[PDB]
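The block underneath contains the structure these notes are about, expressed in structure tokens.
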Amino acid sequence: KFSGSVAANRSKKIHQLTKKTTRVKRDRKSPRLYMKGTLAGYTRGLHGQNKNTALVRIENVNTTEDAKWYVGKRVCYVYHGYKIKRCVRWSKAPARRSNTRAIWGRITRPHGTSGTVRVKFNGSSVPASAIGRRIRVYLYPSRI
Amino acid sequence: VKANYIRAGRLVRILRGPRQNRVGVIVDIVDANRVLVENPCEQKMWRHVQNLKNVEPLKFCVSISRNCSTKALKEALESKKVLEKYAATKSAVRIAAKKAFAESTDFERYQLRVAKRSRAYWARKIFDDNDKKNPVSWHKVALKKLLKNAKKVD
Amino acid sequence: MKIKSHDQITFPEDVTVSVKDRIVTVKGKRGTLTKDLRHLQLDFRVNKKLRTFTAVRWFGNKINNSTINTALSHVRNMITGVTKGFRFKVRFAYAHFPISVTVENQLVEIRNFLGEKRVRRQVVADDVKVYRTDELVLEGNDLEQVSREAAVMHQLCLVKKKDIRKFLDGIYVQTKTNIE
Amino acid sequence: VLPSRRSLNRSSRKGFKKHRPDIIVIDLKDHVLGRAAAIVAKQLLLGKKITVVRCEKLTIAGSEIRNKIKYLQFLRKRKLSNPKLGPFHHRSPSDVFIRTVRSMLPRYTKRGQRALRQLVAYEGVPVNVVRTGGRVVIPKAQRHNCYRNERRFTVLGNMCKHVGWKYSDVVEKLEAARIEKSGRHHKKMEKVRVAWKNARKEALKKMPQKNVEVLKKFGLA
RNA sequence: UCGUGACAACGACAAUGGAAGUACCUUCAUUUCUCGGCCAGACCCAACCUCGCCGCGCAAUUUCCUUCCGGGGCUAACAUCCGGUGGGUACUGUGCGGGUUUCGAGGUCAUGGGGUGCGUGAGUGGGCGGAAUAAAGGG
RNA sequence: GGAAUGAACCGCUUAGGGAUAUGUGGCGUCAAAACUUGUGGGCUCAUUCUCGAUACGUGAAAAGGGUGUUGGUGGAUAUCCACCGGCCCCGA
RNA sequence: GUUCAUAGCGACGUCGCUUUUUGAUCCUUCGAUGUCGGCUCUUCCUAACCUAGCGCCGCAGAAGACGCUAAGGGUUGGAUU
RNA sequence: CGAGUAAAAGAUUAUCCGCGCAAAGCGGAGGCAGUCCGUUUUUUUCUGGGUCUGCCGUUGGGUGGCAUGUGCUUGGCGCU
RNA sequence: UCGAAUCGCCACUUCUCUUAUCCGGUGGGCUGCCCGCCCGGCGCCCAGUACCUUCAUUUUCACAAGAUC
Ligand SMILES: [Mg+2]
Ligand SMILES: [Mg+2]
Ligand SMILES: [Mg+2]
């Protein structure tokens, strides 16, 4: 039912339990440089929605004055397709080729009083399959 | 039951106003949910109206009468040295610490990060060598069980 | 609204009263009693040196202020129960058919009430002691318990389908008196 | 759920052992039913996975007689020509919470159906949820910030009993068993908690003299 | 209207329809290939639109403030309140301002540019050049 | 474009499109907006067709009662009487 | 109503509810919605005749009047038409 | 390929079983050689004898139980 | 076979109860003041505050060109 013999397993555990000290997990890998947001939906009223503008809720803002810090920042939505298509640095960096794709946009102005922002996604509009999914809010361009 | 009572001469701290986290002494009571607050030993904090939903009573009290003069209140506060005692309280130090973190300049934030890491390392070193003698952790306790179990067969 | 409404009752010596989160315990020579007052929302305190029990309501209307006296009455009754106890006496009033009552430990049987073959049965709670003398006597520490057993006994026997002015047969309570 | 041989074989080739999605566990004891449902429903639409426990401790404003009558009025509604097609009257407290949340979602689109799929709604704290992590509460619906003290309120479990629920004794028997096991375990490891506390103390006087001052300035030492 | 091969998928909202994207298909059209009518990012000029910070005028700040008394009131007093005495010299209103011998910033995927570089492709500027140094107009 | 729904009510009146700001109506979820705003006052508890809550909309209610609770007015005595409102309850 | 307004009733007045009668209207249907009664069969309402539980009487017993909660169950066979 | 058990409880479920409260503590475990693998702690496997407790399939013969044509249990043969 | 979206984790959190309640518990003195007593953590670039130590031409943003599963 198990692997190895009863011997050389009792000795293995004794050797592992000794020499053991207090060691913790340290995050020394590549860092994250963006804030996490969610796509609430599109601007709308009781008559219907208008898909040329999107509403994004960011973590730890909860205030209009905090949302004003993020006006002009760049925003992207990350998803995957079903084969490898062309990408930036397709020939200079072949390791980048993947099914991953990104749709970019910018933050125009705050929405409401609770820290929601308005986003315009370049020329086109974001697909409706992104509603409820992760949105990346980067720290550039920076005024600070 | 165990609440501090609202009365003339009771120190309070403001909750959500423009003068947030500031201390002053109640000087009078008008109706059920309004008082007059004043603190003559601190900038701003002149006599003003304050809702009773915006204050929290403290443990310190000063013997004064209702509608007392500003010079009388100033004399009473310095005689009892009540303001100094509040500054020594743990609740005041926690509030002062949070204000210091909000003003940090990303270099003192690094210095605090170094200080916390140094303490965490030394705590780990202290915890060990008290686990070798009188074992307490999950692994060191199981080591005794393993060694005794293997004594008979080996 | 009133800023404060208060009242107090004095309890004698050799009796200990304690309160903890609107739960009152009173100790005496005949035992201890406990009452749950978590449904009242009042401010209870005891002095333990002046021997007084105080209840305060702070910002209340008429409905909120009317529970101060009700709470104080209950604590007074508990003190009067843990010392000198309570005792009730009931009487059997039969005109023609002599009704019979039998007490077997904690069980009571009533027979021959108004010429009926049905046997009425009642089980008395443990905290209330019952014994027979034409006199049925119930005694205990809790006035509320003792009074409720007498009420159950009286309601067991009633006249049905007959003029209640002409027919006046039943069980009635005569004397309320402390044990000592 | 129930990984087939296709799933186990793929995990064997790839080398994967276990995976756990990000889930929030909410303790629903002493929570207003309507206010908690409204807060949770909006969070579901925002792409969150939520498990709620102790659904029998939810509270409703009013007396038990008033709320029991309200349910009996709901139970009276049924399709006269074929009651097996009519509205369904669930009886367990956890099913009542899910029905309340469902009425606060767009339930006739794929977006709302997917959101409702992300809620679990247990009764009590089951064995597979005990050791996952710390539970959370919703301060906006905690019923000690919501109800005036003198107003009567209903406990959902008591009301769900007397209208058809028949597992109240099972739930309370399992809950009492959990308390004893959790209480015994928590009293254990008091030595290691004290040892760690006695390690952070006396760590000072071993650190360099400058890092202790920085700790004191920020109110951490 | 039907058969066959290939493919696309699709629960139950009868289908069809509108708008806006996306995933796969394109025997379609146009452009480019050592400069490109391709995709992004930042910068400049003009225009428009915002935010910070600093102020002004008016009797608006006297039905008011402060002292010393006589009533009155509470508790030993003080205070709330009413009459007098001498001093007076952040404040619940209303109409407005502020970058060029310079008051600090932001945005335009919501605008036009040759983006100072050739010729008739007309920088009009308190802002670009040249001169001069309190020049007239206020407290 | 609003009043869930409605020829006629409210707002507004219409070439094809962006940015900004409004009207009527709104800001617990459905459903955009106070992530349940105020460092604003009071009143109300409604047990079986189930308290109340967007005018037009009689798209449902009367006479008559109730110290249930919260306010006024006019008289005696240091609490009593008479009368009139608000919300809730019976009449239903 | 032995005296007794209100056990039970209640004139002269006045306030309502229902749509199970008959009127009033003329909105839908005249390139058609099969027009009375009975037979058969299911379901709903309560303004309660019987069955359950209570209060009250001008309720001694028996037999009844009135009122409340109650629609779970029941409510017949025939002569003439 | 988009992973949530009203399941267990540990070298991150791996590296053995039994009693015990997610305790204190208390019990059991067969040795040798080869091949192919092997960055370690009696490394990970595959065979051959190697002596076997517990087993499957047998032989009859003596019992014995069940409701009595069909299965078992005791007592020896060799045997996997 | 699979190129994929997601980007904290912990045998110190992963027990319970109250909110008219000593909010860490807990006594005393004279109906509110005064006086005593005892006891989340890590993680963010030397395994640790200290000397030492390779980062490139991927030479100005682009899914982290890296991880987890
Ligand atoms: Mg919303
Ligand atoms: Mg026809
Ligand atoms: Mg027909």
Side-chain angles (χ1 to χ4, degrees), chain A residues 2 4 6-9 11-13 15-17 23-30 32 43-47 51 62 72 76 78-82 84 88 93 95-96 98-100 102 106 112-115 120 122-129 134 140 143, chain B residues 1-2 5 15-17 46 51 53-54 65-67 113-114 117-118 120-121 138 153, chain C residues 21 41-43 54 61-62 163 166, chain D residues 1 10 16 19-21 23 35 38 41-42 49 51 65-66 69-70 72-73 104-106 108 120 122 126-128 131-134 140 144 149 179 181-186 188-189 192-193 196 208 211:
Chain A
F2 49 96
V6 156
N9 268 8
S11 73
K12 262 183 204 171
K13 197 180 270 198
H15 182 76
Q16 287 169 344
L17 285 210
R23 311 266 287 188
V24 279
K25 159 189 190 180
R26 316 188 298 177
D27 276 330
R28 310 283 181 95
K29 281 155 172 178
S30 100
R32 161 160 78 94
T43 54
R44 66 185 292 169
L46 279 174
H47 53 100
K51 289 178 80 166
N62 67 60
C76 93
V78 184
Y79 67 109
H80 71 74
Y82 303 92
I84 302 191
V88 179
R96 285 200 89 242
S98 137
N99 285 14
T100 318
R106 297 218 189 206
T113 62
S114 290
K120 292 218 138 211
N122 278 8
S124 309
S125 90
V126 86
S129 57
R134 172 71 61 246
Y140 47 75
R143 306 182 268 272
Chain B
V1 172
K2 201 48 68 158
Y5 276 64
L15 290 183
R16 281 156 89 212
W46 47 81
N51 212 285
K53 292 175 212 216
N54 207 42
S65 212
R66 324 181 49 185
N67 229 58
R113 191 154 86 244
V114 158
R117 175 148 60 215
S118 183
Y121 160 85
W138 70 271
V153 59
Chain C
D21 308 4
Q41 219 70 244
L42 289 158
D43 174 334
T54 314
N61 47 313
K62 281 197 25 193
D163 215 310
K166 197 89 179 315
Chain D
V1 284
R10 185 180 168 269
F16 307 147
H19 179 264
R20 166 97 174 165
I23 304 165
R35 317 209 155 235
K42 156 68 49 194
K49 298 173 212 283
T51 316
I65 319 107
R66 184 207 281 170
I69 283 167
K70 258 145 64 137
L72 292 175
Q73 287 297 93
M104 306 186 179
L105 292 172
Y108 299 121
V120 182
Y122 290 121
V127 279
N128 55 311
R131 246 193 261 188
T132 43
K140 281 189 180 171
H144 79 267
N149 273 351
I179 298 321
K181 203 180 140 163
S182 281
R184 261 202 314 274
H185 182 65
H186 182 267
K188 285 217 340 193
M189 283 151 323
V192 63
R193 279 205 286 268
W196 272 124
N211 301 32

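Worth knowing before you read on, the calculation uses all heavy atoms, side chains too, and leaves out hydrogens, waters and symmetry mates. Convention: sequence-line order gives letters A, B, ...; per-chain numbering from 1.
When rounded to the nearest whole Å, the span between CD of D:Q73 and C1' of F:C51 equals 15 Å. Distance CZ (D:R66) to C1' (F:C88): 13 Å, rounded to an integer number of Å.
Using a 4.0 Å heavy-atom distance criterion, B:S65 is classed as a base contact. Contact annotation for D:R193: backbone-only contact, meaning every heavy-atom pair under 4.0 Å involves sugar-phosphate atoms and none involves a base. Nucleic acid contact class of A:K51 (heavy atoms, under 4.0 Å, all strands): base. Within the 4.0 angstrom heavy-atom criterion, base atoms lie near D:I65. Counting non-hydrogen atoms under 4.0 angstrom, D:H185 reaches a base of the nucleic acid. Within the nucleic acid shown, D:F16 comes within 4.0 Å of at least one base atom, counting heavy atoms only. A:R106 comes within 4.0 angstrom of the backbone, heavy atoms only, and of no base. As judged by a 4.0 angstrom heavy-atom cut-off over every strand, A:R134 is placed among residues touching the sugar-phosphate backbone only. Contacts of D:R10 with the nucleic acid, taken as non-hydrogen atoms under 4.0 Å apart, include base atoms.
When RNA chain I is scanned in the 5' to 3' direction for atoms under 4.0 Å from non-hydrogen atoms of chain A, the outermost contacting nucleotides are I:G3 to I:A67.
The salt bridge (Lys or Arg N to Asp or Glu O under 4.0 Å) search around B:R66 returns B:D28, not counting sequence neighbours. Take B:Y121 and apply the ring pair (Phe, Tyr, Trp, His ring centres under 6.0 Å) test, not counting sequence neighbours, and it matches no residue. Take C:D43 and apply the salt bridge (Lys or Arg N to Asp or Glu O under 4.0 Å) test, not counting sequence neighbours, and it matches C:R45. A:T100 meets the side chain to side chain donor-acceptor pair (under 3.5 Å) test with A:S98; sequence neighbours excluded. A search for salt bridge (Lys or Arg N to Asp or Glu O under 4.0 Å) contacts involving D:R184 returns D:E180, not counting sequence neighbours. In this structure A:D27 satisfies the salt bridge (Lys or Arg N to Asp or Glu O under 4.0 Å) test with no other residue, sequence neighbours excluded.
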What N/O pairs connect the protein and nucleotides 4-10 of chain H at under 3.5 Å? Give each pair on its own line.
| from | atom 1 | to | atom 2 | distance (Å) |
| --- | --- | --- | --- | --- |
| H:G4 | OP1 | D:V1 | N | 2.9 |
| H:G4 | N1 | D:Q118 | O | 3.3 |
| H:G4 | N2 | D:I50 | O | 3.4 |
| H:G4 | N2 | D:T51 | OG1 | 3.1 |
| H:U5 | OP1 | D:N128 | ND2 | 3.2 |
| H:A6 | OP2 | D:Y122 | OH | 2.3 |
| H:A6 | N1 | D:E123 | N | 3.1 |
| H:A9 | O2' | D:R131 | NH1 | 3.3 |
| H:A9 | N3 | D:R131 | NH1 | 3.4 |

Set out, line by line, the N/O atom pairs under 3.5 Å between protein and nucleotides 79-81 of chain E.
| from | atom 1 | to | atom 2 | distance (Å) |
| --- | --- | --- | --- | --- |
| E:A79 | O2' | B:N67 | ND2 | 3.4 |

For nucleotides 59-63 of chain G, tabulate all protein N/O to nucleotide N/O atom pairs closer than 3.5 Å, reporting atom names and distance.
| from | atom 1 | to | atom 2 | distance (Å) |
| --- | --- | --- | --- | --- |
| G:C59 | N1 | C:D163 | OD2 | 3.4 |
| G:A60 | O2' | C:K166 | NZ | 2.3 |
| G:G61 | OP1 | C:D163 | N | 3.3 |
| G:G61 | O3' | C:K162 | NZ | 2.8 |
| G:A62 | OP1 | C:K162 | NZ | 2.8 |

Polar-atom pairs under 3.5 Å, protein N or O versus N or O of nucleotides 24-31 of chain H: list them with distances, or write none.
| from | atom 1 | to | atom 2 | distance (Å) |
| --- | --- | --- | --- | --- |
| H:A24 | OP2 | B:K145 | NZ | 3.3 |
| H:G28 | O6 | B:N149 | ND2 | 3.1 |
| H:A29 | OP2 | B:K152 | NZ | 3.1 |
| H:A29 | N6 | B:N149 | OD1 | 2.7 |

Checklist entry - How does each nucleotide of nucleotides 19-35 of chain F score, in 5' to 3' order, for protein heavy atoms under 4.0 Å: base (B), sugar-phosphate only (S), or none (-)? => result SSS------BBSSBSSB

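The pairing partner recorded for I:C33 is I:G29, the criterion being a Watson-Crick or G-U wobble arrangement whose two distances lie under 3.5 angstrom.
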